[PDB]
Amino acid sequence: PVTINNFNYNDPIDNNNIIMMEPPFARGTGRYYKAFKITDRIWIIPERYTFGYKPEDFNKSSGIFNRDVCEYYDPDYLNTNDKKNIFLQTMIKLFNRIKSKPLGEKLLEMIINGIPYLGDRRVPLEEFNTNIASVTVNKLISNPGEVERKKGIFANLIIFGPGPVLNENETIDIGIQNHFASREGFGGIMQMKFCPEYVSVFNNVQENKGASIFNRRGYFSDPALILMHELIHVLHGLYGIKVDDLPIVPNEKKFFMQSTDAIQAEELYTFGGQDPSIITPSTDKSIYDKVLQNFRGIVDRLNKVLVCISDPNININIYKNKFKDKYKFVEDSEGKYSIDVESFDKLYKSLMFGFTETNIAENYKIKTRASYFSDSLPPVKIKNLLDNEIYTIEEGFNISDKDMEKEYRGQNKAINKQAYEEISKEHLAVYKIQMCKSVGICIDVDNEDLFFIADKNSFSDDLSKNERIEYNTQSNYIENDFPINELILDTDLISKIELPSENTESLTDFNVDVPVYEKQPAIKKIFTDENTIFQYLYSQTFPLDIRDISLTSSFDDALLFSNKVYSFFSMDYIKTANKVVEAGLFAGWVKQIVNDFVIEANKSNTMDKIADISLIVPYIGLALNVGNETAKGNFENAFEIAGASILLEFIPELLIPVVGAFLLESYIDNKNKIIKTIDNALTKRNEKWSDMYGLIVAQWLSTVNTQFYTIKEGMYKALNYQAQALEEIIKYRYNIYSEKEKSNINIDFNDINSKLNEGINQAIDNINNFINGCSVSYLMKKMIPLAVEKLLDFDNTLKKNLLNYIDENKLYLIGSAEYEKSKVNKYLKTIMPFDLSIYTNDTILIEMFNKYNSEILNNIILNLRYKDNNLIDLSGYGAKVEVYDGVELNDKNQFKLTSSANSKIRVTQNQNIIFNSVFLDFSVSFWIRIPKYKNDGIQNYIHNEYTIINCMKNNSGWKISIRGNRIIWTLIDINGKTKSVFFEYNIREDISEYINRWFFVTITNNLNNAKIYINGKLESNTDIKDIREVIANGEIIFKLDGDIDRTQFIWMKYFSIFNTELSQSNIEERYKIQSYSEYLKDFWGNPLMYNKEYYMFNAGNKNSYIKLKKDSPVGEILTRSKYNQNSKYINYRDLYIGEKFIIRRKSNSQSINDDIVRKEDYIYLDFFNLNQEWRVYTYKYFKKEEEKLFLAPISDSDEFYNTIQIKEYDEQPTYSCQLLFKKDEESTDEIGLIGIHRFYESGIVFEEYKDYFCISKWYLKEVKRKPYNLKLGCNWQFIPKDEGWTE
Ligand SMILES: [Zn+2]
């Protein structure tokens, strides 16, 4: 257990627990400091840390010490005895809180017992030397006013009060002759500058601060955790493992890049959480090896130490026993010490991955920042840590008796205001970047708001080095983790070996290096005429001395005029926001504009499914203009084309090493040492794949995800500025009114802010999900594949290497050289899938990843779409697409393949995607329109099969072909085995749903089956168990290849490939999404058009057509003629028959050219009677349920309705449409729908039933029924002449 001593600052010096100490950096000169022993080996000196600092620097100036800290200055802190005493009691309380739990008690016990080795690198192996500044510190015994008597003592930690900046706590180690004992295995006296009351503040982006943008946001820190973070640094230093290695260094070559000090792995390790993942596995192992090498030197010293010359009183045995336990060395029955790999690994991981800020915060239920790389906010001052009403040893601020325990409410600035006080900005210093244009106008930007983008030099290239494979050789992995619960329950972790007495001989060698610090300018001026994120955010603010503003969509005007504020919301929102109204209409306007704000913010949930994008925040580009000028043009379109990459401010240059070669050493006449060497070489290969992925993850997190974090913070700021500006306008407009008027205005400013704030929160959630999605997208599509390429190349070089190795050892291997020959082929066959959870256990990151992999659209590895008269792959994997001259393309995403040699498309797939999952698993989807057979060429039509899409490599692959009315899917494995599955549609149907009409195809493949779906419905299935490996990433050739007629062609649309098996549910959804349109379609499935001749088809009377009756102004219904030749293979009803109709637009007199017919449009349904254009009318006053339509010349009669409204009552995909007659466009009076009705006729000669073109009210209720009745006589389709259908 740990005992915390009690004392008052004014207690008498006793030269034991209360002394006058001579601090290490005083060099044995100057004055002494009253120090108090809080626990064994730990001292508290309640005075400012002045070593290396100029006296005047304790005052706030135009300079700063640290470029990334909101620095608070106060030279009076600790300037009285009472203040010193409060510091003392507060430190006592914090140590008590720390030991209130086993984990913290153990951190303290480890520190107290982790006594520095007696010496350093300069000391002979056979000696213990206490006469060095990192081991002994002196205390003055003599009377005041004279240093006539001093004594030495051993110490572990000395905690001082703060230096110039109160909130910049720091742990410092002692260097002597350019070296640090605390970094070379020995350990040494550690020092700290600490301030308990002025704590850091942080806000979580992925979350909310009480969800109040009008209230204070963020959470303040628990000083006990802040102290424990430093104590972890102390721990590292005491055990001599606070080593230096390759640091993460920020790129600072661009003006938008954040400048900060190099960051050591020891810092990211100390913080924990996701940060250790920014340290590559390569560097993790480098650090591990350095520490182990340091411990080897110490264990050698314990075997050789014989005396202590500096202190004759030192019992050599007592210390050897203590250092043995400290470093967990093992000792044989003779006293020989050695390193135990298991105990070392456990100790090392406990110290680096067990005791971390993140782990301690979780255990003490204290909230803290999510990462070292997060924006820092202004610190605050805790009112009184010694008041149990606000802070307790047991619960800190989160006191359950005050219900401040749940959701860390006690640390919430918006909730626990009684616990802290804000700091006067006049005492805060912050490093800013002044961005000026070449004119002059400048903008100040806090350094913390810039993008942190690690430079390429931050990452190790150890993966390029060669590796020697021996029978000995084994894998090397360092789990950046440690079971916290076993640490807490460890029975041998905490020492039970005697702590030596602290008194020793006086220190006489005061040699030591004292750091020297100095402030630097708080403002750096740069020049740039760029208008990126910082300028765009700035254009959304206004000066404090201005109160009357107006919004504008002009960024330029916003920068120019102080009373103009930029808004990225709609034109209507902006106009309404600047509207001035009468008092009586103000409450109405307020409700209106606030509602508009919410609607605009809500557009962050926009979907773009037709482009295969589930979520898109359309206004991000207008809001920040971040990345590649995202504010210009249409953002959704630009994102559809380039994806996540367009949002990044900078495209990082990734380090992706050419993996080094393997040197396999032979052992002639040794069957085992050879087989082992091969086994080891194979496992080592996996280490290379894992380490490579780790390198990528480290770079992604420190160069890409950091940028997306900045964008998220940026959108939060943008949305808040928008709300603040609106709030400003509302206040101004309201204060223009008199008191008499205000009294009668019904406004509730708090409900207004509650609604704006809610709208913002909703938007932020959408934005966070969108950006997180973009980040993972970049990692998976723009980073992982580039590493896979190098890794696959490595595999190839290693493959021949191993096979040739087996070759040179064929004798010594005998009958097995072939067995292992294939061992190499199959092992290097299955490639390592990337799994982020292997490199991190951070919940936020893991969930992001899992979410990404749970979205079927992220499985799209090829998506050919039309863009500026060309077809390109928009899957994000960058396939090369060559569209040759004979291919016809249009903006409807349809492309035509003809019989010409140059009507071809060549696609080169990305070779670095997991497609070969070693069991077949992928899908292909597309729409196709196949022309009708030529009546006089039916034999060749049913006989000649021709390929349309072929993808082969090494005579293995897949292919799509057609033979007349059948479409076929074929697979061919590496052996030549073939399997096929097909869909054949009937060519003897009176009316076909497939011939020359657009339909949706989807083929899926898994280990057992190959299935073909048509329009979402399963049609065929073939068992493909016998099929082995099928190479599917070969080149894809779209071209009609076979014995085809010159007139043969095929139309295709939306070709895509998925690297997984789509479910029936996925396919049905894709069918519906890709079928959707605002326009109606024609019989063939193309867009319905105005001013285009069409024959009419009735889905309820398929074989019937309309013809103007010879003796009456009505349309009689006749039976379609049919195919008349003798072929036994075909039958159909003529389609080009009956009156030739034409749809005319009602609105706008923009003449009669052509255009697209949309749902709900008002139209005129006309037709040609010889050289004249007639029209379809409905007699206004019929009283029956239905009546015959009136067909006559164009004219306007008060007795006839002439306006039709084209409709679509079916919710599912269909090419049918309905035609409605309403009294007029405005009324809700429905006259009825156009259809067909049967009438009985009994004349003097003939008796019979006849159908006529009619309108009926009966259809009105029928179209409402579910499921939609496709057979209704009110369902029509328009058939235009088409080269794909001849009769
Ligand atoms: Zn730290």
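Its PDB header attributes the entry to X-ray crystallography and lists the resolution as 1.9 Å.

A. Main features of the sheet that holds strand β23 (residues 442–446). Here we have three strands laid out as an open sheet, ordered β23-β22-β27, and mixed in their pairing. For this open sheet the edge positions go to β23 and β27 (523–527), each flanked by a neighbour on one side alone. On average, each strand axis in the sheet is inclined to that of its neighbour by 25°, with strand direction left out of account. Where strand β22 (residues 432–436) and β27 come together, five bridges link them in parallel fashion. Note that in β27 the partner of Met 435 across the bridge is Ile 526.

B. Summary view of the nonpolar core. Counting residues in each nonpolar core, the largest one holds 270 residues, and the members touching the most others are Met 91, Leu 231, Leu 647, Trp 700 and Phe 834. It is helix α16 (residues 671–734) that contributes the most residues to this core, 25 residues altogether. Every residue in contact with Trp 700, bar those within four places of it in the chain, is listed here: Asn 705, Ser 775, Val 776, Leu 779, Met 783, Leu 836, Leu 845 and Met 848. One finds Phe 895, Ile 949, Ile 962 and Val 1030 within the second-largest nonpolar core, a separate group that totals 71 residues.

C. Just the pairing of strand β19 (residues 377–382), in detail. Pairing of strand β14 (residues 198–202) with β19, which is carried by three bridges, proceeds in the antiparallel orientation. Paired with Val 199 across the bridge in β19 is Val 380. Of the strand pairs in this sheet, β19 and strand β20 (residues 420–421) are connected by two bridges, and their pairing is antiparallel. Of the residues in β20, the one forming a bridge with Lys 381 is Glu 421.

D. Local environment of the coordination of the zinc ion. Protein coordination of the zinc ion is provided by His 229 (NE2), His 233 (NE2), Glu 267 (OE) and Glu 267 (OE), with donor distances spanning 2.1 to 2.8 Å. In terms of primary sequence, the donors binding the zinc ion are separated according to H-x3-H-x33-E. Pair noted here: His 229 and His 233 are both in helix α3 (residues 223–238), with a separation of four residues, about one helical turn. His 233 shares its class with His 229; the two are buried.

E. Up close: the domain arrangement of the chain. You can read the domains of the chain as domain 1 (1–438), domain 2 (441–472 + 529–827), domain 3 (843–1075) and domain 4 (1089–1279). Averaged C-alpha coordinates put domain 3 and domain 4 at centres separated by 38 Å. With 17 residues of domain 3 at the interface, the matching set in domain 4 holds 17 residues. Summing both sides of the interface, domain 3 and domain 4 together bury roughly 1,500 Å²; the carbon and sulfur share of this comes to 52%. Connecting domain 3 to domain 4 are one salt bridge. Between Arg 1133 and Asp 990 there is a salt bridge whose closest N-O contact spans 3.4 Å. Counting across the domain 3 and domain 4 interface gives six residue pairs in polar contact.

So, how was this worked out
- Residues numbered from 1 in each chain as written, not as in the entry; some residues may be left out.
- Heavy atoms only, no water.
- Residues with missing side-chain atoms left out of burial classes, pairs and counts.
- Pairing = 2+ DSSP bridges.
- Helix = DSSP H or I, 4+ residues; strand = E, 2+ residues; numbered from the N terminus.
- Axes fitted to C-alpha atoms, helices over the stretch in contact; angles between N-to-C directions.
- Core = buried A, V, L, I, M, F, W, Y, C linked by side-chain atoms within 4.5 Å.
- Buried < 20%, exposed > 50% of the residue type's maximum accessible area, 1.4 Å probe, protein only.
- Contact = heavy atoms within 4.5 Å.
- Donors = N, O, S within 2.8 Å, 3.2 Å for Na, K, Ca; no water.
- Domains from an automatic or database assignment.
- Buried area = accessible area lost by both parts, 1.4 Å probe.
- Salt bridge = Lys/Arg side-chain N within 4 Å of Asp/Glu carboxyl O.
- Polar contact = N/O pair within 3.5 Å; in protein donor to acceptor, adjacent residues only side chain to side chain.

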